[PDB]
Every structure is written in structure tokens, then in C-alpha cells.
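Down below is the structure, laid out as C-alpha cells.
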Ligand SMILES: [Zn+2]
């Protein structure tokens, strides 16, 4: 497979 | 003319099937804005993307930009109340969230279409006059620390930051993005830093209109939306901030030809090959990285994966371009490893370079480009409609990289063939600039160094020049052929006309002992897509831990064999899902209708005549063994959910019972399980989309014949078609189950207040109460008391029985979280009494709008129908039915519902608590709680309690 980590506020 | 607007238009290129209306503009202050007008939407949305991220974090204060994100929600000078933003959206059927990448900080929300302006006003203040209240500062720092804490034992995160810590040490790429209580509170205080100002300066210096993009979606006309944005975003001042660039690559020659032996948390085996490449974003119209990614990452016949999997070295492969930042990217080839694939890594990488030289030897293939072009063209034309919140959020991010007119099409459509770009990217995939990382438990003890932030145990070696020379001198392997013509590419997009006897809800068009067929021809979206959902019932699927194992293995062996064949179809927009349920099998085929019956027939026919490769049985079994044991390392709150589901369901095999039964799953005993599983079945199916009743009846009937023929399947008997019940809790009773998490250092807890069966009445009393406490639960347990990052509240539905659940992951012990929650419930009660009767009917219409939000894509509608079918309730008009009843509700009705069912004194209180302990173990206070009976045996507990009835259908 071709390709396609960010800290968020809420889960 | 308008002075507040620098430029307008011209015309935003959209799909012909897209009936929304667009307008792009650039404000005078430099904010790039897209306006989406959709008069049909039930929810309006807006989003803003600042082009500053964690890469712009001060070296002395790691994770500042991430921390600043959290603080904007906590009050502005025009809206000083700490939760005015979240409370507003909560009372108006809305939600909000944000994230912080290396180069971006993205904020977004949705809300009821009538209150867009109200929501947007409060939202705009985030960029204008944020408070950064200091009392809010020393609190929200814990939510950030608790966020990092959940990621500290995550192998994905540990590796992610590890790549950062093995490059140029003070390249901004090396920076720790998330930040914790230490970097944000502890160390700055030691260093005499006032955090509130270094927040305010960062907001002053970097939150400039020059680096911002805005997207707003609403029912209003394009011109009404223009006046709206200009009104409240013309105030964002333009500091004219130079956009950060990172020309020099973090991976210099000192960081190349390096080997990394890494110790994981879970028992996994993976090989990470990485190539440093320049920023290819510039070439997006031709997209050379995608071309190579499609070829290297191909899984069809003759592909690289196809052969590494044949030698029993790998099972999965992902390859292609991975974005880094403005100035640098990566090309990666990642595989999972078998046990002896771990011992032949040098050879695996050799095969990789052999495939690369196959590509170089036959050069760039235009027909390939053309295939990738047409597929993206088709994908864009018939693109499913997106929900406003995520839509605005994504566009706001891509408004920085593409012209206003191309923003909708840029990511999708290719225009230029550039063989030179193809070959030069290909020229940087050589062994002399390679980076290799191996992740396995076998390196435990043999490691020397330790990663700073996550504590990753590993070892760094220079790859022996002996090896590089063997990779550089890579012959052409005759077992690597370029992918052939893709034959699953759709050509038929004719949307069939609506039949005369068409139905608004799925109609039962076949009711035999063998199958129950639900069908609806699409009447809203009119795409060439269709969803074919099937549920196969069989007692032999979950009769015992042994069979539940074999059922899994059988389906994962089947999918493995179909992979080469089905991969071509997925690229052509035709995908399938196949997994084992507690009731049998579940098959779902989604995508374009055109080549859809071909794939399905191939699936069922392979399903009923499966021949098992023994050495694929060995590998997959071993992987499944690891997967069950790897459950030990998932987060405490998931464990808490896992235990409750075991406790409250009639029949449920624990994962530890599945491992004991796995050692006896021999190949001959599995091969004997398959015919017996397929011996007698019952197929309940839903066929929804661009197909006729006749085609649907034909599809369903062709599934049955295929089974009656290859597996000699005849129908199951009705008495065998019943589902599992939920444990009925005694009135005024409280039970507590307690376990420990050997990996994670936080505690988890789920509190379940069980109400009675799902009834049209009982449903809405729960979902209204949940609606009211939704915002305050988040506000109290997290924003105020900072128990944990993960604080969840809302209804729980299983086996036809409902109730209220609280989920918290914290550092504090579960018995303390218990009191806080119980204290919060008392807090809510005396807040339901002193809320105005209009403020009550605001919550009602809030819930009403959420329930009455219609789907916007086919698969979203199919999910709602499929939910009623597997629930065996079949209430397709549930929304209009239950929403109508909701409005009847008075404030006192909810009051006595709390008092009788949920209150601490409650005559009918049904409370179960799951306590997952950590690895090593003024405010409002709680009522005195009774002594709970501690569950020490799961089956013994269930054995001594009644079982709820099953909900009667329709
Ligand atoms: Zn966060």
C-alpha cells in the first residue's frame, strides 16, 4: 500500500 | 469595491455532482478564505488553520504551540467565561476540536445551521483577544501531561519521536512536540519563566493574519458569508510574519547508512527503511512520489510485497512518500516481519533494491500515470459528500499550498507527466543514503542508549560497508514484474432510474429460511456506488474459544489469499470487509456498482472452496498469538471497557481463554472446521445503493447458490437465530471488578449505571440526560478538576439494554474517580432544578437536531439502516419517532428519572464499576457510598444474576 502523528485537544 | 477584501474568485473548480456553492477570497490582511454555501446542511461549520506548529516551539519551552492550542478554548476577552465556547456549541448541537502538527495549528467546529454566526463570533475571538488566564494555565497543563502520558507507552509514538532524536540534534525536526507538565510548568518555573506571557508573545508574534486560512460552511448565501467573515476576521492584524522554511535536511550524511535496533512495548516485528528526499510538494501537479509509491507499495502479482510474502519473510508492506516539513520529505518502505523474516533482513532489503532497479531498468511508464490519473479523476467526480466539520478543517489546511481555485481538485487531479522527476526521486533511493530500523523484542538487554522523552530502549550501528556494496550491486530479479492493466476500473457510472415501487426505507424483499434480504434503491445521492452488507449466522462460530479462534484464522487466511486479487479492486474504488462475529461472519462490499458482483462472487466462491497453505497458517497463527497477548499493552480505559463488556454479556470468551485454545488449533482440525461452519447458515443482508430490486435479488440468490453448491449449505433453524442477553442488575446494587495494567502507569475506570430495556420512552430520557450532562462532565472532571485527558460521558447500548456510562483515564486511583463522578451527579441534579424552562427546551432541540441530522453519503445512511437490522429492532423511522416524543418531555420528567434510576438514593440503581489500576498501585464532594460487592469471578457473577429479555422488533 502507498502511504496516507498529530497531538489533538480531545479524543 | 470593498477595501476589506484584497481579491475575489475567480471560480472554484468543483465536481459536477457537487451542488454546494463556493467562493474563494483573500482578505486585506492576507487571510485566505473559502466560503461554502449549502442550503440543505443541518449543521454549519467553520475552520481556521495557522501555518505555525510545534517546529516553531521555543527550544527552552517544548510543546508551547501545542499548549497554546488548549488555552484558546478556555476564554477570550469578549467571552471571559472559561467554557463559553464549549457550552455554546453544546447547547446548539455542535462540537469542536483542534490539533497541532509540526507546521500547523488547526481549529474547527460544527453547530446548528441557525447559530453559525453565534458560534463563529466566539470562535474568532481565539485569534483576537485570548485571555490565557493563569488559573486556567496551571490546570490545563495537566491535560497536556495526561495526553503525553497516554502516548508514552505507545510504540507508534515512541518510534515517531525516535526518528526525530536520531537526526540533526538541533534541527527543529528534533523538537519534542507534545510537551508535558515538566517542560511546560516545572522547568520554566525553575528557569524563572512566566508562562502566560510567553504564551501571549507567541500568540502575538506567530498568530498573524499572514499565516491564516479560513473556511466557513453554512446555509447562508455566498455574499452573506462574505459579509460574515469580513465582519469578524478583518480585525486579525498582519504582523507580516515570514513563513518558516527548513531547507537543510535533518538527516545529513552522518545520519545515513545507519542501523537502529529498537525494543518495542508490544511483541511486534517490523523493518523500517527510510530514504531522505527533497520537498516534493512543489511538484503536486505531476506528483512523482505517488507514482513510485503506487509501484513499490503495490500488492498485486509480480510486486515486491507479493514475493517477500512468498518467501515467508513479511506479511504487510507500506511504501511511498511521508511528509516531513517545508524543505524536506521522506520516502519509506515499511514491512512487518515473520520470525525468519527477522533473520533475513539483509536479504529483504536486497530484494527492495532489486525492485528499485527493475523500475530504473524499464523506466517511467506513462500508461501507469494515466491509470493513476483516471482513477483520481473518477474518485473526484463521484466523491462522497463530506461532513461540514471535517471538510472545513481539511480545506483550511490545504489553502496554504494551492491556489484558491484548485483547493478542491489539487490533491486529486494529476495533469503533467514528468519522467525526469520520476527518475530523480528514484535516484535518491540508493543504498548509500539508506536508513534502516529494526523493531523486535529480541534486542531486549542488548541495547545501549535510551530515548529522552519516551524512554525507548535501542542501539545504533553503522551499516557495514560490506553490505552497502551488495545492495548497490543488485541484479535484476526475474520475479519482479510491473503491475499489469487494472481491470477493476469502472466504466459504467449510469445511475439507474428510480423504480415505481421504490421505498424510502429498506423493504424486506426476501424472507426465506436461508436468507432475509433488506433492500433500498438510493433516492438521495445518485452515485454509481453501492453497499452490499451480509451477516452470516452460525452457532459454530462462537460455540467455544477454540472455534472462535478457528473462525478468525479461517477469515484471515481467506483474506490473505485474496489480497493480490483484491488489491487491484481497492485501487479501483472497490473494497471489501470480512471479519468474524460472535454470531457468525460479516461481509461488506462497498464501492462502485460496476465490477461489484465480480468481486463478491470471487469472495464467496473462495470462501466455500478454500484450500489452506500450511506455511501461511503457521505465520498467521503466530501473528494472532502475538495480537492476543499484545492486548496487555493497550490503554487502561480500553481494558476497563473490555472487562465491562465481558461482565454484561451472556456469552463472552476472554482473550486469555482464546490463547489456551489456540495451541490446539491444528491445520487438519481447522480444515475440518470450515465445511462445518458453512454447513448450515442464515444470511441477513442489506443491499443499498445504485442497484434495482431484481439485481439485489440476483446478488443475494447468487450468494446462496454458491454456498449450496460448493459447501452444500442448507438453512439454519429459527430457534438457533437468537442473540445474547445482557445481565440484569439487582435494584440498589453495586458491583466492582478490579484488575491491573502491567504496562501503562495510569488508572482506568468505567462506571455503568444500567437503566431498563431500550424503549421509545426510556431511550430519550437517557439521551436527554446525557445531553445535559455532556458539557458539564467534560467541564468538571477535566477542565476544572483535571482528573485526566480522557474523560467520557454518554449512553451505553448493548444487547437491547441501555444505561449511562462514565469513562476516565487518570493518575489518581479509581476509588477516588468514583467519588468525583458521584459528586458531579449531585452537582448536575441541583443544576437541573435551577435551569430555566427555556434553557431546558434548548437542550431538547440540541439533541433533536443531532438525531435529525440526515446522512450525506451512502455508507453513512447504510450504517444507520444496518444498525437497526443487526440490533434486530428494525426501527427505520426511529428518528422522527423518538424526536417527536422527546419534545413532550418536561423538566420534571428528567428529574424523577434521575431520582428513581440514577440518583444515589435510587430505588432502582444498577451500578457496575470496572477498576483498572495503574502499573504500581475547594471542590464539590461526594455522598457516602455503600460497600460494593467485589466481583472476583466473572462467570460466577453472571451465573448468579437474571438475564434481560430481548427487544421485540419493529
Ligand atoms: Zn492536545
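Residue numbers (the authors' numbering), protein chains in the order written: chain D, 1 to 4, 42 to 48; chain A, 43 to 963, 979 to 1011.
Where a beta carbon is used, it is the ideal one built from N, C-alpha and C, also for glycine.
Have a look at residue 975 (chain A) and residue 839 (chain A) and give me their C-alpha separation to the nearest angstrom.
Here chain A is numbered 963 followed immediately by 979, so the structure offers no position for residue 975 (chain A).
Residue 467 (chain A) beta carbon near ligand 3 (any heavy atom closer than 7 Å): What this structure holds is ligand 1, not ligand 3.
Within 10 angstroms of its Cβ, does residue 141 (chain A) collect 16 or more other Cβ (buried), or is it exposed?
When all chains shown are included, residue 141 (chain A) counts as buried.
task = Please compile the residues from chain D whose C-beta is within a distance smaller than 7 Å of the C-beta of residue 307 (chain A).
result = Correct list: empty, because the minimum Cβ distance to chain D is about 15 Å.
(message) Helix, strand or coil, according to DSSP, for residue 552 (chain A) in the structure here?
(response) strand
*asked:* My output table needs one value for residue 410 (chain A): the three-state DSSP class, helix, strand or coil.
replied: The answer is helix: DSSP assigns residue 410 (chain A) an H, G or I state.
Handout entry: Neighbour list for residue 139 (chain A) in chain D, Cβ cutoff strictly below 7 Å
Key = 45, 46 and 47
Could you compute how far the alpha carbon of residue 614 (chain A) sits from the alpha carbon of residue 697 (chain A)?
37 Å
Is any beta-carbon of chain D found at less than 8 Å from that of residue 360 (chain A)? Output row for residue 360 (chain A): interface = yes.
Exercise for review: Measure from the alpha carbon of residue 724 (chain A) to the alpha carbon of each residue in A:764, A:569, A:708 and A:1000, then state which is nearest.
Suggested key: Ranked by Cα distance from residue 724 (chain A), the first of A:764, A:569, A:708 and A:1000 is A:764.
- Buried versus exposed call for residue 313 (chain A) [16 or more other C-beta atoms within 10 Å across all chains shown]: So residue 313 (chain A) ends up on the buried side.
Does the beta carbon of residue 143 (chain A) come closer than 8 Å to any beta carbon on chain D? At least one chain D Cβ lies under 8 Å of residue 143 (chain A).
- Message: Quick check: the stretch 920-940 of chain A against the stretch 745-763 of chain A, are at least 3 beta-carbon pairs closer than 8 Å?
- Response: no
Against chain D, does residue 199 (chain A) count as a neighbour if the rule is that its beta carbon must be under 8 Å from one of theirs?
yes
Q.
Looking at ligand 1, does it come within less than 7 Å of residue 191 (chain A), judged from the CB to the closest heavy atom?
A. no
Notebook entry, point to check: For residue 151 (chain A), which option in A:168, A:144, A:145 and A:143 has the closest C-alpha, if you only look at C-alpha atoms?
Noted result: A:168
Could you tell me whether the Cβ atoms of residue 91 (chain A) and residue 274 (chain A) are closer together than 8 Å?
-> Between residue 91 (chain A) and residue 274 (chain A), the C-beta spacing is not below 8 Å.
message: ligand 1 and residue 46 (chain D): does the residue's C-beta get closer than 7 Å to at least one heavy atom of that ligand?
response: yes
Exercise. When the Cα atoms are used, what is the spatial distance from residue 891 (chain A) to residue 831 (chain A)?
Worked result: 28 Å
Please report how far the alpha carbon of residue 454 (chain A) lies from the alpha carbon of residue 75 (chain A), in whole angstroms.
20 Å
Note to self: So with CB distances below 7 Å, who are the chain D contacts of residue 825 (chain A)?
What the structure shows: Those within 7 Å of residue 825 (chain A) in chain D number zero; the least Cβ separation is about 11 Å.
Residue burial classification, residue 963 (chain A) (beta-carbon count within 10 angstroms, cutoff 16): exposed
Can we count residue 194 (chain A) as close to ligand 1, meaning its CB is less than 7 Å from some heavy atom?
no
- Counting only the same chain and skipping the five closest in sequence on each side, list residues whose C-beta sits under 7 Å from that of residue 253 (chain A). 92, 93, 94, 283 and 285
Cβ-heavy atom distance between residue 186 (chain A) and ligand 1 below 7 Å?
yes
| task | Evaluate the contact criterion for the stretch 673-690 of chain A versus the stretch 708-721 of chain A: three or more CB pairs, one atom per stretch, below 8 Å. | result | Contact between the stretch 673-690 of chain A and the stretch 708-721 of chain A is absent, because fewer than three Cβ pairs lie under 8 Å.
Taking the beta carbon of residue 935 (chain A) as the centre, do at least 16 other beta carbons fall within 10 Å, making it buried, or is it exposed? exposed
Quiz item: Sorry if obvious, but does the Cβ on residue 108 (chain A) come closer than 7 Å to a heavy atom of ligand 1?
Solution: yes
field: Residue-chain proximity (residue 335 (chain A), chain D), Cβ-Cβ < 8 Å
entry: Taking Cβ atoms only, chain D reaches closer than 8 Å to residue 335 (chain A), which makes this a yes.
Fill in: Residue-level contact to chain D via CB, residue 341 (chain A), 8 Å cutoff
So yes, residue 341 (chain A) belongs to the interface.
Collapsed DSSP secondary structure at residue 462 (chain A) in the structure displayed = helix
Item to check | Unbroken beta strand (DSSP E) run spanning residue 725 (chain A), endpoints | outcome: 722-731
### DSSP three-state assignment for residue 748 (chain A), whether helix, strand or coil
Reduced to three states, the DSSP call for residue 748 (chain A) is helix.
- Message: I'd like the span of the alpha helix (DSSP H) that includes residue 128 (chain A), first residue to last.
- Response: Start and end: 126-132.
Just the C-alpha distance for residue 406 (chain A) and residue 812 (chain A), rounded to the nearest angstrom, thanks.
-> 58 Å
Uninterrupted beta strand (DSSP E) stretches inside the stretch 142-167 of chain A (no shorter than 3 residues) | Runs found: 147-154.
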